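K.L.:
Encoded as structure tokens, here's the structure I'll be asking about.
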Amino acid sequence: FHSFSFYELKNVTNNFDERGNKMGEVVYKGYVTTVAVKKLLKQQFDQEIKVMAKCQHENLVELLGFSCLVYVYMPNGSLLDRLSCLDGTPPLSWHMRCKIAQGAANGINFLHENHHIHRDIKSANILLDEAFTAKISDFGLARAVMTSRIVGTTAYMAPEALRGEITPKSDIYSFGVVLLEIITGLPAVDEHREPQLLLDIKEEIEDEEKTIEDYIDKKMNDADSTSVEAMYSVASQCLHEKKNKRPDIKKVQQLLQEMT
Ligand SMILES: CC(=O)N1CCN([C@H]2CC[C@H](Nc3ncnn4ccc([C@H](C)CC(N)=O)c34)CC2)CC1
């Protein structure tokens, strides 16, 4: 990685302009080569560099350098934003959704093959490059087992992860939630919606209260029941309450390939 100075990153962000250079959180839009600057805690900074040095893959965001963490800028933002058509972007087609799901699984496979647990798999952490290729980001919580500090997004977390367990099996559950967001175009949690949690639609379908067809994102024109049901079957297997009954990432990756 390339080592940068604080002023060397201050003026590229136009003196950290909150609008306009602010992307979110804090993340700022600079130029070196279009880049994403994450200004931060110190413990999570060191781990982020450690994971990025060993983990290089086409389905993982690339770290450019450090100071502040600089990444190559993903022109099509997050999968979360694209699924909600944020800022007027056109809906993702079923064909693109399938490639994104496959790409995300390839990224998680690489992390797991290298004995790494992500711990924060979610659609906000799946970035999209110039060709809409899935790029897994945010390795600040990533680990190479119990914990007193329960971390992550509750809407995506496995039951054992909320109880304090750290296991690659929890990454599988979280990926299952992402797969449901891809099928439905719905956010994992919505307080102004019934059911509030998306993972709960699995129960509604299993109890025959509703069908998968009832939940298919209506903002697509190219979905077919066969591939939609095959992705839902993967999502359902991933969302097993018993961690040992979930498929490993290699089986998920295998099932998503047989889908196309
Ligand atoms: C409410 C509203 O307007 N928005 C629109 C903007 N949106 C976000 C803002 C951050 C953004 N992050 C990144 N973009 C591009 N490349 N890139 C490389 C690494 C990173 C990040 C540090 C990691 C990450 N997982 O975010 C990025 C993704 C889209 C929030 C909702």
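Going by the structure tokens order, chains are called A, B, ..., each with residues numbered from 1, while ligands are numbered from 1 in the order shown.
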Could the residues that lie within 7 Å of ligand 1, counting only C-alpha atoms and all ligand atoms, be listed as number ranges by chain?

P.N.:
A: 23-25, 27, 35-38, 61, 71-75, 77-78, 81, 124-127, 137-138

K.L.:
Selection from above, C-alpha atoms, as an mmCIF file, in the first residue's frame, can you write it?

P.N.:
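Dumped to part-v9.cif:
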data_model
loop_
_atom_site.group_PDB
_atom_site.id
_atom_site.type_symbol
_atom_site.label_atom_id
_atom_site.label_comp_id
_atom_site.auth_asym_id
_atom_site.auth_seq_id
_atom_site.Cartn_x
_atom_site.Cartn_y
_atom_site.Cartn_z
ATOM 1 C CA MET A 23 -20.681 10.478 0.539
ATOM 2 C CA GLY A 24 -21.822 9.125 3.927
ATOM 3 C CA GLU A 25 -20.437 7.380 7.060
ATOM 4 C CA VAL A 27 -16.678 8.723 3.707
ATOM 5 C CA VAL A 35 -10.846 7.277 -4.865
ATOM 6 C CA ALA A 36 -13.077 6.873 -1.741
ATOM 7 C CA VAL A 37 -11.602 8.347 1.485
ATOM 8 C CA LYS A 38 -12.804 6.876 4.819
ATOM 9 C CA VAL A 61 -12.837 -3.624 -2.781
ATOM 10 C CA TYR A 71 -10.063 2.803 -1.606
ATOM 11 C CA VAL A 72 -10.651 2.800 -5.357
ATOM 12 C CA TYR A 73 -13.999 4.599 -5.992
ATOM 13 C CA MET A 74 -16.935 2.292 -6.939
ATOM 14 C CA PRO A 75 -18.883 4.371 -9.526
ATOM 15 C CA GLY A 77 -22.259 2.856 -5.170
ATOM 16 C CA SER A 78 -23.744 0.188 -2.880
ATOM 17 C CA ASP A 81 -28.727 2.178 -2.893
ATOM 18 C CA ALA A 124 -24.582 -1.456 2.168
ATOM 19 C CA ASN A 125 -21.201 -3.363 2.211
ATOM 20 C CA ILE A 126 -21.605 -4.817 -1.315
ATOM 21 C CA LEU A 127 -20.220 -2.198 -3.708
ATOM 22 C CA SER A 137 -16.187 -3.910 1.488
ATOM 23 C CA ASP A 138 -15.814 -2.996 5.247
#

K.L.:
Write out as a ChimeraX atom specification the set of residues from region 39-188 of chain A that DSSP, computed on the backbone, places in strand (DSSP E or B).

P.N.:
/A:60,63-66,69-72,78,117,126-128,134-136,143

K.L.:
Store the residues picked out above, limited to C-alpha atoms, as a JSON list (two decimals), in the first residue's frame.

P.N.:
[["chain", "number", "residue", "atom", "x", "y", "z"],
["A", 60, "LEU", "CA", -13.32, -7.43, -2.86],
["A", 63, "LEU", "CA", -7.31, -0.64, -0.63],
["A", 64, "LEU", "CA", -5.10, 1.98, -2.35],
["A", 65, "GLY", "CA", -3.36, 3.31, 0.76],
["A", 66, "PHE", "CA", -3.54, 4.58, 4.36],
["A", 69, "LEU", "CA", -8.23, 4.75, 4.49],
["A", 70, "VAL", "CA", -8.24, 5.27, 0.69],
["A", 71, "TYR", "CA", -10.06, 2.80, -1.61],
["A", 72, "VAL", "CA", -10.65, 2.80, -5.36],
["A", 78, "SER", "CA", -23.74, 0.19, -2.88],
["A", 117, "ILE", "CA", -14.92, -14.04, 8.95],
["A", 126, "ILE", "CA", -21.61, -4.82, -1.32],
["A", 127, "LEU", "CA", -20.22, -2.20, -3.71],
["A", 128, "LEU", "CA", -20.67, -1.98, -7.51],
["A", 134, "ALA", "CA", -20.00, -7.10, -6.80],
["A", 135, "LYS", "CA", -17.19, -5.84, -4.50],
["A", 136, "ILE", "CA", -17.30, -6.87, -0.77],
["A", 143, "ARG", "CA", -11.57, -11.66, 12.15]]

K.L.:
Do a neighbour search on region 217-231 of chain A at 7 Å with only C-alpha atoms, toss out local chain neighbours closer than 5 positions, and write the hits as a list in words.

P.N.:
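The residues satisfying every condition are residues 91, 93, 94, 183, 184, 185, 256 and 259 of chain A.
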
K.L.:
If I take CA of residue 206 (chain A) and CA of residue 236 (chain A), how far is one from the other in Å, to one decimal?

P.N.:
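Interatomic distance, CA of residue 206 (chain A) to CA of residue 236 (chain A): 9.6 Å.
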
K.L.:
Could you tell me how far CA of residue 215 (chain A) lies from CA of residue 201 (chain A), in Å and to one decimal?

P.N.:
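Distance between the two atoms: 8.5 Å.
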
K.L.:
List every residue of region 43-230 of chain A that DSSP, applied to the backbone of this structure, places in alpha helix (DSSP H), and write the result as a PyMOL selection string.

P.N.:
chain A and resi 43-54+79-83+94-113+159-162+168-184+201-206+212-215+225-230

K.L.:
So that I can see what lies close to residue 58 (chain A), please list as a ChimeraX atom specification the residues with an atom at most 12 Å from it, counting only C-alpha atoms and leaving out residues fewer than 4 positions away in the same chain.

P.N.:
/A:62,103-111,127-129,131-137
